[PDB]
Amino acid sequence: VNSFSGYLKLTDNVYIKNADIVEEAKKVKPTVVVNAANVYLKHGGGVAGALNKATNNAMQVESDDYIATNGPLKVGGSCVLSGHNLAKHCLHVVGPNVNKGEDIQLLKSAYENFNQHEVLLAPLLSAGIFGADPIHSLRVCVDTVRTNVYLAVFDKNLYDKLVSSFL
Ligand SMILES: O=C(O)[C@@H]1CN(c2ncnc3[nH]c4cc(F)ccc4c23)CC12CCC2
């Protein structure tokens, strides 16, 4: 038993809800919240900009130190940093950004990072400003992640489309 509430169950291990991930994180304090990161951990907009704003820019300060030490992530890769006031940990995961021409097949590699964590609160990778089809992203999530994932979908309209079209 865990503290996630109001989710629709899609499969044995994937759950979905219409929610703001920042507010969902603020209430649940999950062990892991996933950020839709870029390779530079520049949290300017989308989910990343919203998560970072909710931390009062502490996520960005920590991220800049991480990059200064380690260099950029790989597309499809991840790193674990603090969850600040939102979660114990933040798993920063880089999905391919279609608006940069990155290979959508890397989306599966991105979701594989979730399997290193037993339970996660997450957005749909490569959705939103990353330019991928959120329905495809949901399919890859379901077919790749084996751990327990609670997906927060900000837009009520898209949520209904994702549920109604789910096979
Ligand atoms: O940034 C993107 O392209 C979208 C944003 N989406 C979100 N999903 C779940 N909660 C969210 N709260 C927010 C608050 C904001 F101010 C901006 C975006 C969100 C948001 C998923 C996405 C595809 C992977 C990242």
Side-chain angles (χ1 to χ4, degrees), residues 2-7 15-102 106-107 109-132 134 137-138 140-141 145 147-159 162:
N2 64 51
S3 158
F4 289 105
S5 178
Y7 285 76
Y15 294 79
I16 193 161
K17 183 183 178 176
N18 174 214
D20 187 337
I21 192 172
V22 169
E23 280 317 301
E24 192 75 9
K26 276 200 288 189
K27 144 181 135 43
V28 177
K29 285 300 225 83
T31 304
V32 181
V33 66
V34 173
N35 181 32
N38 57 54
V39 296
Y40 307 109
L41 302 179
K42 288 174 60 107
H43 309 301
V47 169
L51 290 171
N52 176 59
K53 177 179 178 187
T55 75
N56 184 41
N57 210 51
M59 178 181 283
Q60 191 64 68
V61 168
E62 179 194 30
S63 292
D64 289 348
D65 170 84
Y66 173 91
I67 296 287
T69 298
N70 301 108
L73 295 182
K74 302 172 177 177
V75 180
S78 69
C79 67
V80 179
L81 291 173
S82 179
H84 300 279
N85 53 316
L86 304 178
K88 186 171 199 297
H89 302 107
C90 180
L91 180 71
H92 295 272
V93 179
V94 183
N97 190 324
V98 176
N99 305 315
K100 302 172 175 179
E102 294 166 353
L106 289 168
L107 187 55
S109 302
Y111 275 116
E112 287 172 342
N113 296 286
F114 289 25
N115 289 321
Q116 300 294 317
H117 303 277
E118 287 192 358
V119 182
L120 317 85
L121 172 64
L124 284 170
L125 298 180
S126 295
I129 67 175
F130 280 63
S137 181
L138 180 55
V140 179
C141 180
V145 180
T147 55
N148 293 144
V149 57
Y150 289 83
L151 294 167
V153 177
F154 180 57
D155 188 64
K156 173 57 161 156
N157 188 295
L158 173 59
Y159 171 85
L162 286 169

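We count residues from 1, following the sequence as given. Just so you know, these numbers use all the heavy atoms, side chains as well, and skip hydrogens, waters and symmetry mates.
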Practice task
Find the distance between CZ (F154) and CD1 (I21) and round it off to the nearest 0.5 Å.
Solution key: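 Between atom CZ of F154 and atom CD1 of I21 there are 12.0 Å.
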Heavy-atom closest pair, residues [X] and [Y]:
{"X": "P123", "Y": "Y111", "value": "O-OH, 4.5 Å"}
{"X": "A122", "Y": "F114", "value": "CB-CE2, 3.6 Å"}
{"X": "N113", "Y": "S78", "value": "OD1-OG, 2.9 Å"}
{"X": "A127", "Y": "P134", "value": "CB-CB, 4.2 Å"}
{"X": "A37", "Y": "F130", "value": "O-CZ, 3.3 Å"}

Exercise for the section: Just do the side chain to side chain contact (heavy atoms under 4.5 Å, CB included) check on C90 and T55 with the steps written out, would you? Expected result: CA-CA 11 Å; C90 180; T55 75; over 6 Å; no
Hey, does the side chain of [X] reach the backbone of [Y] with a donor-acceptor pair shorter than 3.5 angstrom?
{"X": "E24", "Y": "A152", "answer": "no"}
{"X": "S137", "Y": "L125", "answer": "yes"}
{"X": "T147", "Y": "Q116", "answer": "no"}
{"X": "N115", "Y": "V145", "answer": "no"}
{"X": "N148", "Y": "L120", "answer": "no"}
{"X": "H89", "Y": "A87", "answer": "no"}

Sequence neighbours left out, cut at 3.5 Å: what donor-acceptor pairs do the side chains of residues 64-76 make with other protein atoms?
{"from": "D64", "atom 1": "OD1", "to": "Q60", "atom 2": "NE2", "distance (Å)": "2.9"}
{"from": "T69", "atom 1": "OG1", "to": "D65", "atom 2": "O", "distance (Å)": "3.2"}

Would you indicate whether the side-chain heavy atoms of [Y] and [X] approach each other to under 4.5 Å?
{"X": "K53", "Y": "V22", "value": "no"}
{"X": "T31", "Y": "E118", "value": "no"}
{"X": "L121", "Y": "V28", "value": "no"}
{"X": "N52", "Y": "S63", "value": "no"}

Exercise for the section: Check the angle between the aromatic planes of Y150 and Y7 and answer parallel, tilted or perpendicular using the 30° and 60° thresholds. Expected result: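 Perpendicular.
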Please determine whether the number of non-hydrogen atoms from other residues, nucleotides or ligands lying under 6.0 Å from atom [atom1] of [X] exceeds 12.
{"X": "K29", "atom1": "NZ", "answer": "yes"}
{"X": "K17", "atom1": "NZ", "answer": "yes"}
{"X": "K27", "atom1": "NZ", "answer": "yes"}

Exercise for the section: Applying side chain to side chain contact (heavy atoms under 4.5 Å, CB included), run through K100 and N38 and close with a yes or a no. Expected result: CA-CA 11 Å; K100 302 172 175 179; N38 57 54; 4.2 Å; yes
Handout entry: salt bridge (charged side-chain N to carboxylate O under 4.0 Å, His left out) against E102, all qualifying residues, sequence neighbours excluded
Key =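 None.
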Please output the side-chain donor-acceptor pairs of residues 91-99 that fall under 3.5 Å, not counting sequence neighbours, one pair per line with the distance.
{"from": "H92", "atom 1": "ND1", "to": "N35", "atom 2": "ND2", "distance (Å)": "3.0"}
{"from": "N97", "atom 1": "OD1", "to": "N99", "atom 2": "N", "distance (Å)": "2.8"}
{"from": "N99", "atom 1": "ND2", "to": "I129", "atom 2": "O", "distance (Å)": "2.9"}

Problem - Chi angles and distances behind the side chain to side chain contact (heavy atoms under 4.5 Å, CB included) call for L151, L162 - result: CA-CA 11 Å; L151 294 167; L162 286 169; over 6 Å; no
